[PDB]
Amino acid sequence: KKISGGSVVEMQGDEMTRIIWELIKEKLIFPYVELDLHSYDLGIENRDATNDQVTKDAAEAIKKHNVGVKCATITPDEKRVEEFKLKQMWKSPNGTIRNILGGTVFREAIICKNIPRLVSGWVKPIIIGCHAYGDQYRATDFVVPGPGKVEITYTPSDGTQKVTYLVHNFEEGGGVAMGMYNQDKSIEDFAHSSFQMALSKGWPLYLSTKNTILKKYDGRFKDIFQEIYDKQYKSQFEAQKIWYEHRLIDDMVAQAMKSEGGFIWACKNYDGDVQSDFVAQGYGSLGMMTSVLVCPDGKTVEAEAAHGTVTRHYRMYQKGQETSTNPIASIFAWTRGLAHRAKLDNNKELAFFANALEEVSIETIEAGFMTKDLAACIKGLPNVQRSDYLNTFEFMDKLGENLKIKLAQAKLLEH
C-alpha cells in the first residue's frame, strides 16, 4: 500500500468471481493503494448466516461513503437452496442494493482493437442506461394453487376510496400471478440521467418500452421522458445535432443490432438486464463490460461486474482443471469505483492509478495476452489452442507485471 485511497465499500461475492476478486485485491490493488475498506461479505453463505441483513448493511454503507465496488453474487433459486442448504431463497443482492440506492446503471462494452466483434457494424459504443429501480426486481409473485379470483387494488393514503382491478378469474385450475410497480420520481431521475448522458457523450438517445401493450405502465415512461425532453433538453440536443426518440422494445433491438452503434439506450430495468448481455456479447465477451450505478444525487456510485459468478468455470476450478475466466469486468468495477473516489476527494494520485490500471488492462490484451474467451473472438472457439490464451492466474499475473511497469515508469518523471 502507498496511495491514500480513502473510504471504499467492498462487497465480496461468489464462485469464480470471488476467486478473481481476491486476486485483484492481492495483486493489483493492495500493493499500490491503502484503503479505508468497509468490507461486506455478500457470499451466499454469509448472506444466509445474517438473513440477508449484510446486503442491506452494505447498501447503507454505500450511501454513507458514496463509493461501492461489488463482486458478482449468487441469486439463489430452489437448486441453490439445496446446494448450500439455505434457510430461504434470498432475494437478489443487486435488486436490494439498486432499489435502496436508486438511479441508473450505465453499461458499456470494454473495447480492444484486436478483438473482433460478433456484430461487425458496431464501430461505435452502445451505452445502455438501465433503470435501477422497480419492475421485476421488486415484484410480488405467487403461485395460484387453484380456481379463484386474482385482483389488484389501490387505496390512497387518505383512505377515501378504493380501486379494484380484476387481474384474472382462474376457473379451471391454477397458475401464477404477480404485481409490480414503479415510481414517478425514479422514472424522472432515470430520464434526467439518460438525457444528460447523451449530451455528455454527444450521441442520440433512444428509450425502449412496449407502450402499445402496457399502455399505462410503459406509457408513463414514454410520457415522462417526452415531457422532460421538450421542456429541458430539446434545445441542447438540437444544438448538438442529436435527438431523442422512443421506440418499441422489439423494434429497438433489431435497429440496434443493424446499426453502427454510437447511441445511448435507455432501458427499463428488465430490458437493460437482458439487452446489456446482448450488447456485451455482441462486442466480444461478457467479461468486457463496465457497469456503474449512478444515483440521482451524482455523488454516490456503485461499480460492479454485470455478468454472473461464472459457475461453469468455478466447477472446473473445483476439480483442479485450468480455468481462463476474464477478470476485466471485475477489474473495471474497482477502477471505476476508485476513479469516482478520486473525483470526490480531489485525489490526483488515485485518479492516476485508476486510469493506469484500465490502460494496463487494455494494453495487455492488445499486446496478445488474453483469456480464452477473447482468444476465441480472434480465432474461432473450435480453433483455439492452449497456447493462444493465458489461464486465469497467468493473465492476472501478466496484468500485475505490466501494472508494476507502468507505475514504475510514472515515478521516473520529474517530481
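Counting begins at 1, following the sequence as shown.
When the Cα temperature factors in the entry are averaged, is it 69-77 or 298-306 that ends up higher?
Averaged over C-alpha atoms, the B-factors run higher in 298-306.
So which stretch wins on mean C-alpha B-factor, 328-336 or 223-231?
Result: 223-231.
Among 142, 244, 165, 84 - the residue whose C-alpha B-factor is largest in the record:
Top of the list by C-alpha B-factor: 244.
Which of these, 95, 121, 175, 272, has its C-alpha atom at the highest B-factor, as the entry lists it?
The listed residue with the largest C-alpha B-factor is 121.
Should residue 11 be placed in the lowest, middle or highest third of its chain by the C-alpha B factor in the entry?
Lowest third of the chain for residue 11's C-alpha B-factor.
Per the entry's values, where does residue 152 land by CA temperature factor relative to the rest of its chain, in the lowest, middle or highest third?
Within its chain, residue 152 is a lowest-third residue by C-alpha B-factor, going by the deposited values.
Within this chain's modelled residues, let me know which third the CA B factor of residue 27 belongs to: lowest, middle or highest.
Middle third, going by the recorded CA B-factors of the chain.
Compared with the other modelled residues in the chain, in which third is the CA B-factor of residue 20?
CA B-factor rank for residue 20: lowest third.
Consider only the C-alpha atoms of the modelled residues in this chain, order them by B-factor as the entry records it, and name the third containing residue 250: lowest, middle or highest.
According to the entry, residue 250 has a C-alpha B-factor in the chain's middle third.
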